[PDB]
>>> print(open('coords19.pdb').read())   # PDB, N, CA and C atoms
MODEL        1
ATOM      1  N   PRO P 123       0.806  -1.229   0.000
ATOM      2  CA  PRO P 123       0.000   0.000   0.000
ATOM      3  C   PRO P 123       0.834   1.272   0.000
ATOM      4  N   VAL P 124       1.489   1.578  -1.119
ATOM      5  CA  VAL P 124       2.307   2.783  -1.218
ATOM      6  C   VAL P 124       1.964   3.556  -2.486
ATOM      7  N   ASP P 125       1.242   2.917  -3.403
ATOM      8  CA  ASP P 125       0.971   3.518  -4.702
ATOM      9  C   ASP P 125      -0.261   4.412  -4.651
ATOM     10  N   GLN P 126      -0.220   5.502  -5.419
ATOM     11  CA  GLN P 126      -1.355   6.392  -5.603
ATOM     12  C   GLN P 126      -1.179   7.157  -6.909
ATOM     13  N   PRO P 127      -2.219   7.224  -7.737
ATOM     14  CA  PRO P 127      -2.121   7.984  -8.987
ATOM     15  C   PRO P 127      -1.873   9.462  -8.728
ATOM     16  N   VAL P 128      -1.149  10.080  -9.660
ATOM     17  CA  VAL P 128      -0.798  11.493  -9.575
ATOM     18  C   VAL P 128      -1.104  12.148 -10.917
ATOM     19  N   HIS P 129      -1.616  13.376 -10.874
ATOM     20  CA  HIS P 129      -2.005  14.118 -12.065
ATOM     21  C   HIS P 129      -1.291  15.460 -12.078
ATOM     22  N   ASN P 130      -1.051  15.986 -13.273
ATOM     23  CA  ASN P 130      -0.398  17.275 -13.431
ATOM     24  C   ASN P 130      -1.251  18.207 -14.286
ATOM     25  N   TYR P 131      -1.379  19.449 -13.826
ATOM     26  CA  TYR P 131      -2.191  20.458 -14.512
ATOM     27  C   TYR P 131      -1.281  21.631 -14.869
ATOM     28  N   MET P 132      -0.867  21.686 -16.132
ATOM     29  CA  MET P 132      -0.047  22.773 -16.645
ATOM     30  C   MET P 132      -0.920  23.759 -17.409
ATOM     31  N   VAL P 133      -0.607  25.045 -17.270
ATOM     32  CA  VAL P 133      -1.331  26.114 -17.945
ATOM     33  C   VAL P 133      -0.327  27.011 -18.653
ATOM     34  N   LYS P 134      -0.760  27.617 -19.754
ATOM     35  CA  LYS P 134       0.128  28.332 -20.660
ATOM     36  C   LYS P 134      -0.282  29.793 -20.797
ATOM     37  N   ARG P 135       0.706  30.648 -21.059
ATOM     38  CA  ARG P 135       0.467  32.036 -21.422
ATOM     39  C   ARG P 135       0.349  32.153 -22.943
ATOM     40  N   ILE P 136      -0.544  33.031 -23.397
ATOM     41  CA  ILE P 136      -0.948  33.065 -24.799
ATOM     42  C   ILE P 136       0.037  33.860 -25.646
ATOM     43  N   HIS P 137       0.705  34.846 -25.041
ATOM     44  CA  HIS P 137       1.592  35.757 -25.764
ATOM     45  C   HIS P 137       0.790  36.543 -26.801
ATOM     46  N   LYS P 138       1.445  37.412 -27.572
ATOM     47  CA  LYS P 138       0.712  38.233 -28.531
ATOM     48  C   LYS P 138       1.612  38.824 -29.608
ATOM     49  N   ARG P 139       1.200  38.689 -30.868
ATOM     50  CA  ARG P 139       1.879  39.271 -32.021
ATOM     51  C   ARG P 139       0.878  40.117 -32.803
ATOM     52  N   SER P 140       1.281  40.554 -33.996
ATOM     53  CA  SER P 140       0.432  41.395 -34.829
ATOM     54  C   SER P 140       0.900  41.303 -36.277
ATOM     55  N   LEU P 141       0.354  42.185 -37.116
ATOM     56  CA  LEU P 141       0.756  42.294 -38.517
ATOM     57  C   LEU P 141       0.648  43.750 -38.938
ATOM     58  N   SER P 142       1.480  44.158 -39.896
ATOM     59  CA  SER P 142       1.430  45.496 -40.466
ATOM     60  C   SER P 142       2.245  45.540 -41.750
ATOM     61  N   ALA P 143       1.782  46.351 -42.700
ATOM     62  CA  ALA P 143       2.465  46.507 -43.975
ATOM     63  C   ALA P 143       2.105  47.859 -44.573
ATOM     64  N   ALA P 144       2.895  48.275 -45.558
ATOM     65  CA  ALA P 144       2.716  49.551 -46.231
ATOM     66  C   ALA P 144       2.081  49.346 -47.601
ATOM     67  N   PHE P 145       1.148  50.234 -47.935
ATOM     68  CA  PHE P 145       0.413  50.141 -49.194
ATOM     69  C   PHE P 145      -0.075  51.535 -49.565
ATOM     70  N   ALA P 146       0.640  52.193 -50.476
ATOM     71  CA  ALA P 146       0.369  53.581 -50.830
ATOM     72  C   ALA P 146      -0.436  53.673 -52.121
ATOM     73  N   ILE P 147      -1.250  54.724 -52.222
ATOM     74  CA  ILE P 147      -2.146  54.945 -53.352
ATOM     75  C   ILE P 147      -1.884  56.332 -53.922
ATOM     76  N   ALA P 148      -1.948  56.449 -55.247
ATOM     77  CA  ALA P 148      -1.843  57.738 -55.909
ATOM     78  C   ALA P 148      -3.210  58.416 -55.983
ATOM     79  N   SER P 149      -3.183  59.749 -56.046
ATOM     80  CA  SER P 149      -4.423  60.520 -56.034
ATOM     81  C   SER P 149      -5.216  60.316 -57.321
ATOM     82  N   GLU P 150      -4.525  60.219 -58.459
ATOM     83  CA  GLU P 150      -5.217  59.997 -59.725
ATOM     84  C   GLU P 150      -5.909  58.639 -59.738
ATOM     85  N   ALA P 151      -5.283  57.635 -59.121
ATOM     86  CA  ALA P 151      -5.934  56.338 -58.983
ATOM     87  C   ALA P 151      -7.232  56.466 -58.201
ATOM     88  N   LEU P 152      -7.223  57.257 -57.125
ATOM     89  CA  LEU P 152      -8.443  57.482 -56.355
ATOM     90  C   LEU P 152      -9.482  58.245 -57.171
ATOM     91  N   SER P 153      -9.034  59.179 -58.012
ATOM     92  CA  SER P 153      -9.969  59.950 -58.826
ATOM     93  C   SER P 153     -10.676  59.057 -59.838
ATOM     94  N   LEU P 154      -9.916  58.209 -60.537
ATOM     95  CA  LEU P 154     -10.536  57.259 -61.457
ATOM     96  C   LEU P 154     -11.363  56.223 -60.705
ATOM     97  N   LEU P 155     -10.947  55.890 -59.483
ATOM     98  CA  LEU P 155     -11.748  55.083 -58.573
ATOM     99  C   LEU P 155     -13.136  55.675 -58.371
ATOM    100  N   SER P 156     -13.200  56.981 -58.098
ATOM    101  CA  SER P 156     -14.467  57.604 -57.729
ATOM    102  C   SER P 156     -15.505  57.484 -58.836
ATOM    103  N   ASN P 157     -15.106  57.710 -60.089
ATOM    104  CA  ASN P 157     -16.052  57.587 -61.193
ATOM    105  C   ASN P 157     -16.455  56.131 -61.410
ATOM    106  N   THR P 158     -15.497  55.206 -61.300
ATOM    107  CA  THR P 158     -15.800  53.794 -61.516
ATOM    108  C   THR P 158     -16.722  53.244 -60.432
ATOM    109  N   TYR P 159     -16.682  53.821 -59.228
ATOM    110  CA  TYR P 159     -17.605  53.413 -58.174
ATOM    111  C   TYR P 159     -19.056  53.671 -58.555
ATOM    112  N   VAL P 160     -19.298  54.603 -59.474
ATOM    113  CA  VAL P 160     -20.634  54.920 -59.960
ATOM    114  C   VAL P 160     -20.697  54.574 -61.441
ATOM    115  N   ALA P 161     -20.002  53.498 -61.822
ATOM    116  CA  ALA P 161     -19.867  53.090 -63.218
ATOM    117  C   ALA P 161     -21.186  53.191 -63.972
ATOM    118  N   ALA P 162     -21.151  53.906 -65.090
ATOM    119  CA  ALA P 162     -22.336  54.215 -65.878
ATOM    120  C   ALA P 162     -21.909  54.312 -67.340
ATOM    121  N   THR P 163     -22.746  54.949 -68.163
ATOM    122  CA  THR P 163     -22.403  55.152 -69.568
ATOM    123  C   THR P 163     -21.069  55.878 -69.717
ATOM    124  N   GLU P 164     -20.741  56.757 -68.774
ATOM    125  CA  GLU P 164     -19.467  57.463 -68.777
ATOM    126  C   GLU P 164     -18.387  56.562 -68.176
ATOM    127  N   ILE P 165     -17.226  57.147 -67.870
ATOM    128  CA  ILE P 165     -16.105  56.455 -67.236
ATOM    129  C   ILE P 165     -15.523  55.411 -68.181
ATOM    130  N   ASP P 166     -14.400  55.746 -68.815
ATOM    131  CA  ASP P 166     -13.726  54.866 -69.762
ATOM    132  C   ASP P 166     -13.448  53.497 -69.156
ATOM    133  N   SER P 167     -14.031  52.462 -69.768
ATOM    134  CA  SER P 167     -13.906  51.110 -69.233
ATOM    135  C   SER P 167     -12.465  50.621 -69.277
ATOM    136  N   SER P 168     -11.738  50.940 -70.349
ATOM    137  CA  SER P 168     -10.357  50.481 -70.470
ATOM    138  C   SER P 168      -9.482  51.065 -69.367
ATOM    139  N   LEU P 169      -9.597  52.372 -69.127
ATOM    140  CA  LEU P 169      -8.797  52.989 -68.075
ATOM    141  C   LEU P 169      -9.239  52.514 -66.697
ATOM    142  N   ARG P 170     -10.547  52.322 -66.507
ATOM    143  CA  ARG P 170     -11.039  51.821 -65.229
ATOM    144  C   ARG P 170     -10.482  50.434 -64.935
ATOM    145  N   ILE P 171     -10.491  49.547 -65.935
ATOM    146  CA  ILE P 171      -9.989  48.197 -65.714
ATOM    147  C   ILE P 171      -8.475  48.207 -65.547
TER     148      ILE P 171
ATOM    149  N   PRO Z 123      20.422 -55.771 -35.574
ATOM    150  CA  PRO Z 123      19.371 -55.786 -34.548
ATOM    151  C   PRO Z 123      19.776 -55.154 -33.223
ATOM    152  N   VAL Z 124      20.020 -53.844 -33.203
ATOM    153  CA  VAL Z 124      20.327 -53.159 -31.950
ATOM    154  C   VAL Z 124      19.477 -51.901 -31.818
ATOM    155  N   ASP Z 125      18.862 -51.473 -32.916
ATOM    156  CA  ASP Z 125      18.082 -50.243 -32.915
ATOM    157  C   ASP Z 125      16.743 -50.446 -32.218
ATOM    158  N   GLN Z 126      16.288 -49.406 -31.516
ATOM    159  CA  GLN Z 126      14.985 -49.407 -30.871
ATOM    160  C   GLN Z 126      14.518 -47.972 -30.657
ATOM    161  N   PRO Z 127      13.223 -47.710 -30.819
ATOM    162  CA  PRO Z 127      12.697 -46.376 -30.517
ATOM    163  C   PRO Z 127      12.828 -46.044 -29.037
ATOM    164  N   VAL Z 128      12.965 -44.748 -28.764
ATOM    165  CA  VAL Z 128      13.061 -44.236 -27.402
ATOM    166  C   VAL Z 128      12.170 -43.004 -27.291
ATOM    167  N   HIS Z 129      11.513 -42.848 -26.144
ATOM    168  CA  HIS Z 129      10.566 -41.766 -25.918
ATOM    169  C   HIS Z 129      10.951 -40.990 -24.670
ATOM    170  N   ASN Z 130      10.628 -39.702 -24.662
ATOM    171  CA  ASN Z 130      10.897 -38.846 -23.520
ATOM    172  C   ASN Z 130       9.638 -38.085 -23.116
ATOM    173  N   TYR Z 131       9.316 -38.155 -21.825
ATOM    174  CA  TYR Z 131       8.102 -37.536 -21.287
ATOM    175  C   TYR Z 131       8.527 -36.501 -20.247
ATOM    176  N   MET Z 132       8.503 -35.230 -20.637
ATOM    177  CA  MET Z 132       8.827 -34.132 -19.739
ATOM    178  C   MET Z 132       7.550 -33.561 -19.138
ATOM    179  N   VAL Z 133       7.608 -33.240 -17.848
ATOM    180  CA  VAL Z 133       6.493 -32.643 -17.126
ATOM    181  C   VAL Z 133       6.980 -31.360 -16.467
ATOM    182  N   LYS Z 134       6.106 -30.360 -16.415
ATOM    183  CA  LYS Z 134       6.487 -29.008 -16.036
ATOM    184  C   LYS Z 134       5.757 -28.556 -14.778
ATOM    185  N   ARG Z 135       6.427 -27.714 -13.993
ATOM    186  CA  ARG Z 135       5.801 -27.001 -12.891
ATOM    187  C   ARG Z 135       5.246 -25.672 -13.400
ATOM    188  N   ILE Z 136       4.048 -25.313 -12.941
ATOM    189  CA  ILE Z 136       3.297 -24.232 -13.572
ATOM    190  C   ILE Z 136       3.629 -22.869 -12.980
ATOM    191  N   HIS Z 137       4.274 -22.849 -11.810
ATOM    192  CA  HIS Z 137       4.632 -21.599 -11.139
ATOM    193  C   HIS Z 137       3.369 -20.807 -10.801
ATOM    194  N   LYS Z 138       3.515 -19.608 -10.234
ATOM    195  CA  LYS Z 138       2.344 -18.808  -9.890
ATOM    196  C   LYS Z 138       2.681 -17.336  -9.679
ATOM    197  N   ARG Z 139       1.895 -16.450 -10.291
ATOM    198  CA  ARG Z 139       2.019 -15.004 -10.141
ATOM    199  C   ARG Z 139       0.667 -14.430  -9.725
ATOM    200  N   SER Z 140       0.570 -13.101  -9.719
ATOM    201  CA  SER Z 140      -0.666 -12.420  -9.356
ATOM    202  C   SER Z 140      -0.614 -10.986  -9.870
ATOM    203  N   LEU Z 141      -1.596 -10.186  -9.453
ATOM    204  CA  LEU Z 141      -1.665  -8.773  -9.816
ATOM    205  C   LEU Z 141      -2.257  -8.000  -8.647
ATOM    206  N   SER Z 142      -1.917  -6.714  -8.548
ATOM    207  CA  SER Z 142      -2.492  -5.817  -7.556
ATOM    208  C   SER Z 142      -2.194  -4.373  -7.936
ATOM    209  N   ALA Z 143      -3.132  -3.484  -7.616
ATOM    210  CA  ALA Z 143      -2.968  -2.065  -7.896
ATOM    211  C   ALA Z 143      -3.811  -1.256  -6.923
ATOM    212  N   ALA Z 144      -3.475   0.025  -6.808
ATOM    213  CA  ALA Z 144      -4.156   0.943  -5.907
ATOM    214  C   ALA Z 144      -5.114   1.838  -6.683
ATOM    215  N   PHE Z 145      -6.272   2.091  -6.077
ATOM    216  CA  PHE Z 145      -7.307   2.903  -6.709
ATOM    217  C   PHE Z 145      -8.186   3.490  -5.615
ATOM    218  N   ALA Z 146      -7.997   4.776  -5.326
ATOM    219  CA  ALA Z 146      -8.697   5.442  -4.236
ATOM    220  C   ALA Z 146      -9.955   6.140  -4.738
ATOM    221  N   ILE Z 147     -10.910   6.331  -3.830
ATOM    222  CA  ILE Z 147     -12.189   6.970  -4.125
ATOM    223  C   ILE Z 147     -12.483   7.991  -3.035
ATOM    224  N   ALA Z 148     -12.988   9.156  -3.434
ATOM    225  CA  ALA Z 148     -13.389  10.179  -2.482
ATOM    226  C   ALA Z 148     -14.831   9.960  -2.032
ATOM    227  N   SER Z 149     -15.141  10.481  -0.842
ATOM    228  CA  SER Z 149     -16.469  10.282  -0.269
ATOM    229  C   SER Z 149     -17.532  11.045  -1.050
ATOM    230  N   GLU Z 150     -17.178  12.222  -1.576
ATOM    231  CA  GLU Z 150     -18.127  12.984  -2.383
ATOM    232  C   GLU Z 150     -18.502  12.225  -3.649
ATOM    233  N   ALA Z 151     -17.528  11.542  -4.256
ATOM    234  CA  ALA Z 151     -17.823  10.716  -5.418
ATOM    235  C   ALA Z 151     -18.828   9.627  -5.068
ATOM    236  N   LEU Z 152     -18.664   8.995  -3.904
ATOM    237  CA  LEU Z 152     -19.611   7.969  -3.475
ATOM    238  C   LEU Z 152     -20.987   8.564  -3.196
ATOM    239  N   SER Z 153     -21.027   9.776  -2.639
ATOM    240  CA  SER Z 153     -22.307  10.410  -2.337
ATOM    241  C   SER Z 153     -23.074  10.728  -3.614
ATOM    242  N   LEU Z 154     -22.396  11.319  -4.602
ATOM    243  CA  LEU Z 154     -23.046  11.567  -5.886
ATOM    244  C   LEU Z 154     -23.366  10.260  -6.603
ATOM    245  N   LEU Z 155     -22.550   9.230  -6.375
ATOM    246  CA  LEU Z 155     -22.838   7.883  -6.845
ATOM    247  C   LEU Z 155     -24.185   7.393  -6.332
ATOM    248  N   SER Z 156     -24.450   7.614  -5.042
ATOM    249  CA  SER Z 156     -25.661   7.080  -4.425
ATOM    250  C   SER Z 156     -26.921   7.617  -5.091
ATOM    251  N   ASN Z 157     -26.953   8.913  -5.404
ATOM    252  CA  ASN Z 157     -28.113   9.474  -6.088
ATOM    253  C   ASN Z 157     -28.193   8.990  -7.531
ATOM    254  N   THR Z 158     -27.041   8.810  -8.183
ATOM    255  CA  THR Z 158     -27.039   8.352  -9.569
ATOM    256  C   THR Z 158     -27.445   6.886  -9.676
ATOM    257  N   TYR Z 159     -27.130   6.077  -8.660
ATOM    258  CA  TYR Z 159     -27.583   4.691  -8.643
ATOM    259  C   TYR Z 159     -29.101   4.587  -8.613
ATOM    260  N   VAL Z 160     -29.781   5.626  -8.131
ATOM    261  CA  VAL Z 160     -31.236   5.683  -8.093
ATOM    262  C   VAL Z 160     -31.691   6.818  -9.000
ATOM    263  N   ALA Z 161     -30.972   7.010 -10.108
ATOM    264  CA  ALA Z 161     -31.209   8.122 -11.026
ATOM    265  C   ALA Z 161     -32.693   8.319 -11.307
ATOM    266  N   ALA Z 162     -33.165   9.533 -11.058
ATOM    267  CA  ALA Z 162     -34.577   9.878 -11.157
ATOM    268  C   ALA Z 162     -34.671  11.340 -11.576
ATOM    269  N   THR Z 163     -35.844  11.945 -11.368
ATOM    270  CA  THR Z 163     -36.021  13.360 -11.680
ATOM    271  C   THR Z 163     -34.994  14.224 -10.955
ATOM    272  N   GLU Z 164     -34.630  13.847  -9.732
ATOM    273  CA  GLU Z 164     -33.616  14.564  -8.969
ATOM    274  C   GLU Z 164     -32.226  14.138  -9.443
ATOM    275  N   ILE Z 165     -31.196  14.514  -8.680
ATOM    276  CA  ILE Z 165     -29.804  14.153  -8.950
ATOM    277  C   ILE Z 165     -29.325  14.817 -10.235
ATOM    278  N   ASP Z 166     -28.566  15.904 -10.092
ATOM    279  CA  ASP Z 166     -28.064  16.688 -11.216
ATOM    280  C   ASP Z 166     -27.340  15.820 -12.235
ATOM    281  N   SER Z 167     -27.886  15.776 -13.454
ATOM    282  CA  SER Z 167     -27.326  14.924 -14.496
ATOM    283  C   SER Z 167     -25.926  15.372 -14.895
ATOM    284  N   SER Z 168     -25.700  16.686 -14.979
ATOM    285  CA  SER Z 168     -24.389  17.186 -15.384
ATOM    286  C   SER Z 168     -23.315  16.793 -14.377
ATOM    287  N   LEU Z 169     -23.590  16.988 -13.087
ATOM    288  CA  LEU Z 169     -22.615  16.613 -12.069
ATOM    289  C   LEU Z 169     -22.425  15.104 -12.022
ATOM    290  N   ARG Z 170     -23.513  14.345 -12.182
ATOM    291  CA  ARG Z 170     -23.405  12.890 -12.174
ATOM    292  C   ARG Z 170     -22.526  12.399 -13.318
ATOM    293  N   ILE Z 171     -22.733  12.942 -14.522
ATOM    294  CA  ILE Z 171     -21.935  12.511 -15.664
ATOM    295  C   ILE Z 171     -20.490  12.969 -15.512
TER     296      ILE Z 171
ENDMDL
END
>>> encode(input="coords19.pdb", output="C-alpha cells")
Amino acid sequence: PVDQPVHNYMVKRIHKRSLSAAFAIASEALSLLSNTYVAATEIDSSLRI
Amino acid sequence: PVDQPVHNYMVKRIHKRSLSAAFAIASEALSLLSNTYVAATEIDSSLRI
C-alpha cells in the first residue's frame, strides 16, 4: 500500500503578435476610382480596368 | 538388430504469479454515486456525468 495515482495540470500564457504593412495609393488612382464606383455610360472602361 | 525407438516424457511445474494495484475513491464521489444509482427526476445529471 504505497501507490497512488498522480495528475499534473499545466497552464500556458498566450503571448501576442500582430501584422502590419505599407500600401500607398496615388491621387489619380483614387480619382478614377471615384467615377468607376458609380460606373455608368461614362467612365472609360479600359482605363477603369 | 540393436536399434529401438526411445521416448521422452517431460512434465512441467506451472509456477504462480498475481496482480495488484491501488485505486482510491473520495467520499463525495460515493455520495453523488448514491443518487445516480437511483437516477430519477432529482440528482443533477451534469454533475453525475
>>> atom_distance(input="coords19.pdb", atom1="CA of residue 149 (chain Z)", atom2="CA of residue 132 (chain P)")
26.3 Å
>>> interface_residues(input="coords19.pdb", of="chain Z", to="chain P", cutoff="7 Å", atoms="all atoms listed in the file", output="ChimeraX atom specification")
/Z:144-146
>>> resolve_selection(input="coords19.pdb", expression="the PyMOL selection byres ((chain P and resi 170) around 8)", output="VMD selection string")
chain P and resid 154 to 155 157 to 158 165 to 169 171
>>> atom_distance(input="coords19.pdb", atom1="CA of residue 131 (chain P)", atom2="CA of residue 153 (chain Z)")
25.6 Å
>>> atom_distance(input="coords19.pdb", atom1="atom N of residue 147 (chain Z)", atom2="atom C of residue 133 (chain P)")
27.6 Å
>>> select_by_dssp(input="coords19.pdb", residues="chain Z", states="helix (DSSP H, G or I)", output="MDAnalysis selection string")
chainID Z and resid 149:159 167:170
>>> write_last_selection(input="coords19.pdb", atoms="N, CA and C atoms", output="PDB file, keeping the file's coordinate frame")
ATOM      1  N   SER Z 149     -15.141  10.481  -0.842  1.00  0.00           N
ATOM      2  CA  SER Z 149     -16.469  10.282  -0.269  1.00  0.00           C
ATOM      3  C   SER Z 149     -17.532  11.045  -1.050  1.00  0.00           C
ATOM      4  N   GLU Z 150     -17.178  12.222  -1.576  1.00  0.00           N
ATOM      5  CA  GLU Z 150     -18.127  12.984  -2.383  1.00  0.00           C
ATOM      6  C   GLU Z 150     -18.502  12.225  -3.649  1.00  0.00           C
ATOM      7  N   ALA Z 151     -17.528  11.542  -4.256  1.00  0.00           N
ATOM      8  CA  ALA Z 151     -17.823  10.716  -5.418  1.00  0.00           C
ATOM      9  C   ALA Z 151     -18.828   9.627  -5.068  1.00  0.00           C
ATOM     10  N   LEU Z 152     -18.664   8.995  -3.904  1.00  0.00           N
ATOM     11  CA  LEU Z 152     -19.611   7.969  -3.475  1.00  0.00           C
ATOM     12  C   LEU Z 152     -20.987   8.564  -3.196  1.00  0.00           C
ATOM     13  N   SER Z 153     -21.027   9.776  -2.639  1.00  0.00           N
ATOM     14  CA  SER Z 153     -22.307  10.410  -2.337  1.00  0.00           C
ATOM     15  C   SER Z 153     -23.074  10.728  -3.614  1.00  0.00           C
ATOM     16  N   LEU Z 154     -22.396  11.319  -4.602  1.00  0.00           N
ATOM     17  CA  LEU Z 154     -23.046  11.567  -5.886  1.00  0.00           C
ATOM     18  C   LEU Z 154     -23.366  10.260  -6.603  1.00  0.00           C
ATOM     19  N   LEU Z 155     -22.550   9.230  -6.375  1.00  0.00           N
ATOM     20  CA  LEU Z 155     -22.838   7.883  -6.845  1.00  0.00           C
ATOM     21  C   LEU Z 155     -24.185   7.393  -6.332  1.00  0.00           C
ATOM     22  N   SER Z 156     -24.450   7.614  -5.042  1.00  0.00           N
ATOM     23  CA  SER Z 156     -25.661   7.080  -4.425  1.00  0.00           C
ATOM     24  C   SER Z 156     -26.921   7.617  -5.091  1.00  0.00           C
ATOM     25  N   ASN Z 157     -26.953   8.913  -5.404  1.00  0.00           N
ATOM     26  CA  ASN Z 157     -28.113   9.474  -6.088  1.00  0.00           C
ATOM     27  C   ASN Z 157     -28.193   8.990  -7.531  1.00  0.00           C
ATOM     28  N   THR Z 158     -27.041   8.810  -8.183  1.00  0.00           N
ATOM     29  CA  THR Z 158     -27.039   8.352  -9.569  1.00  0.00           C
ATOM     30  C   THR Z 158     -27.445   6.886  -9.676  1.00  0.00           C
ATOM     31  N   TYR Z 159     -27.130   6.077  -8.660  1.00  0.00           N
ATOM     32  CA  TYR Z 159     -27.583   4.691  -8.643  1.00  0.00           C
ATOM     33  C   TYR Z 159     -29.101   4.587  -8.613  1.00  0.00           C
ATOM     34  N   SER Z 167     -27.886  15.776 -13.454  1.00  0.00           N
ATOM     35  CA  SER Z 167     -27.326  14.924 -14.496  1.00  0.00           C
ATOM     36  C   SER Z 167     -25.926  15.372 -14.895  1.00  0.00           C
ATOM     37  N   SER Z 168     -25.700  16.686 -14.979  1.00  0.00           N
ATOM     38  CA  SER Z 168     -24.389  17.186 -15.384  1.00  0.00           C
ATOM     39  C   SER Z 168     -23.315  16.793 -14.377  1.00  0.00           C
ATOM     40  N   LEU Z 169     -23.590  16.988 -13.087  1.00  0.00           N
ATOM     41  CA  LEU Z 169     -22.615  16.613 -12.069  1.00  0.00           C
ATOM     42  C   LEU Z 169     -22.425  15.104 -12.022  1.00  0.00           C
ATOM     43  N   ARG Z 170     -23.513  14.345 -12.182  1.00  0.00           N
ATOM     44  CA  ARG Z 170     -23.405  12.890 -12.174  1.00  0.00           C
ATOM     45  C   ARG Z 170     -22.526  12.399 -13.318  1.00  0.00           C
TER      46      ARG Z 170
END
>>> decode(input="coords19.pdb", residues="region 138-158 of chain Z", atoms="N, CA and C atoms", output="PDB file, in the first residue's frame")
ATOM      1  N   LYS Z 138       3.515 -19.608 -10.234  1.00  0.00           N
ATOM      2  CA  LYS Z 138       2.344 -18.808  -9.890  1.00  0.00           C
ATOM      3  C   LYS Z 138       2.681 -17.336  -9.679  1.00  0.00           C
ATOM      4  N   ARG Z 139       1.895 -16.450 -10.291  1.00  0.00           N
ATOM      5  CA  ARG Z 139       2.019 -15.004 -10.141  1.00  0.00           C
ATOM      6  C   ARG Z 139       0.667 -14.430  -9.725  1.00  0.00           C
ATOM      7  N   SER Z 140       0.570 -13.101  -9.719  1.00  0.00           N
ATOM      8  CA  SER Z 140      -0.666 -12.420  -9.356  1.00  0.00           C
ATOM      9  C   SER Z 140      -0.614 -10.986  -9.870  1.00  0.00           C
ATOM     10  N   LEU Z 141      -1.596 -10.186  -9.453  1.00  0.00           N
ATOM     11  CA  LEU Z 141      -1.665  -8.773  -9.816  1.00  0.00           C
ATOM     12  C   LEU Z 141      -2.257  -8.000  -8.647  1.00  0.00           C
ATOM     13  N   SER Z 142      -1.917  -6.714  -8.548  1.00  0.00           N
ATOM     14  CA  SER Z 142      -2.492  -5.817  -7.556  1.00  0.00           C
ATOM     15  C   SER Z 142      -2.194  -4.373  -7.936  1.00  0.00           C
ATOM     16  N   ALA Z 143      -3.132  -3.484  -7.616  1.00  0.00           N
ATOM     17  CA  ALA Z 143      -2.968  -2.065  -7.896  1.00  0.00           C
ATOM     18  C   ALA Z 143      -3.811  -1.256  -6.923  1.00  0.00           C
ATOM     19  N   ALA Z 144      -3.475   0.025  -6.808  1.00  0.00           N
ATOM     20  CA  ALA Z 144      -4.156   0.943  -5.907  1.00  0.00           C
ATOM     21  C   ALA Z 144      -5.114   1.838  -6.683  1.00  0.00           C
ATOM     22  N   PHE Z 145      -6.272   2.091  -6.077  1.00  0.00           N
ATOM     23  CA  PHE Z 145      -7.307   2.903  -6.709  1.00  0.00           C
ATOM     24  C   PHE Z 145      -8.186   3.490  -5.615  1.00  0.00           C
ATOM     25  N   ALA Z 146      -7.997   4.776  -5.326  1.00  0.00           N
ATOM     26  CA  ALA Z 146      -8.697   5.442  -4.236  1.00  0.00           C
ATOM     27  C   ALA Z 146      -9.955   6.140  -4.738  1.00  0.00           C
ATOM     28  N   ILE Z 147     -10.910   6.331  -3.830  1.00  0.00           N
ATOM     29  CA  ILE Z 147     -12.189   6.970  -4.125  1.00  0.00           C
ATOM     30  C   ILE Z 147     -12.483   7.991  -3.035  1.00  0.00           C
ATOM     31  N   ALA Z 148     -12.988   9.156  -3.434  1.00  0.00           N
ATOM     32  CA  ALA Z 148     -13.389  10.179  -2.482  1.00  0.00           C
ATOM     33  C   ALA Z 148     -14.831   9.960  -2.032  1.00  0.00           C
ATOM     34  N   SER Z 149     -15.141  10.481  -0.842  1.00  0.00           N
ATOM     35  CA  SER Z 149     -16.469  10.282  -0.269  1.00  0.00           C
ATOM     36  C   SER Z 149     -17.532  11.045  -1.050  1.00  0.00           C
ATOM     37  N   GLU Z 150     -17.178  12.222  -1.576  1.00  0.00           N
ATOM     38  CA  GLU Z 150     -18.127  12.984  -2.383  1.00  0.00           C
ATOM     39  C   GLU Z 150     -18.502  12.225  -3.649  1.00  0.00           C
ATOM     40  N   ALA Z 151     -17.528  11.542  -4.256  1.00  0.00           N
ATOM     41  CA  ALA Z 151     -17.823  10.716  -5.418  1.00  0.00           C
ATOM     42  C   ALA Z 151     -18.828   9.627  -5.068  1.00  0.00           C
ATOM     43  N   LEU Z 152     -18.664   8.995  -3.904  1.00  0.00           N
ATOM     44  CA  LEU Z 152     -19.611   7.969  -3.475  1.00  0.00           C
ATOM     45  C   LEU Z 152     -20.987   8.564  -3.196  1.00  0.00           C
ATOM     46  N   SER Z 153     -21.027   9.776  -2.639  1.00  0.00           N
ATOM     47  CA  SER Z 153     -22.307  10.410  -2.337  1.00  0.00           C
ATOM     48  C   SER Z 153     -23.074  10.728  -3.614  1.00  0.00           C
ATOM     49  N   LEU Z 154     -22.396  11.319  -4.602  1.00  0.00           N
ATOM     50  CA  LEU Z 154     -23.046  11.567  -5.886  1.00  0.00           C
ATOM     51  C   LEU Z 154     -23.366  10.260  -6.603  1.00  0.00           C
ATOM     52  N   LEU Z 155     -22.550   9.230  -6.375  1.00  0.00           N
ATOM     53  CA  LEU Z 155     -22.838   7.883  -6.845  1.00  0.00           C
ATOM     54  C   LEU Z 155     -24.185   7.393  -6.332  1.00  0.00           C
ATOM     55  N   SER Z 156     -24.450   7.614  -5.042  1.00  0.00           N
ATOM     56  CA  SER Z 156     -25.661   7.080  -4.425  1.00  0.00           C
ATOM     57  C   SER Z 156     -26.921   7.617  -5.091  1.00  0.00           C
ATOM     58  N   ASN Z 157     -26.953   8.913  -5.404  1.00  0.00           N
ATOM     59  CA  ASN Z 157     -28.113   9.474  -6.088  1.00  0.00           C
ATOM     60  C   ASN Z 157     -28.193   8.990  -7.531  1.00  0.00           C
ATOM     61  N   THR Z 158     -27.041   8.810  -8.183  1.00  0.00           N
ATOM     62  CA  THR Z 158     -27.039   8.352  -9.569  1.00  0.00           C
ATOM     63  C   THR Z 158     -27.445   6.886  -9.676  1.00  0.00           C
TER      64      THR Z 158
END
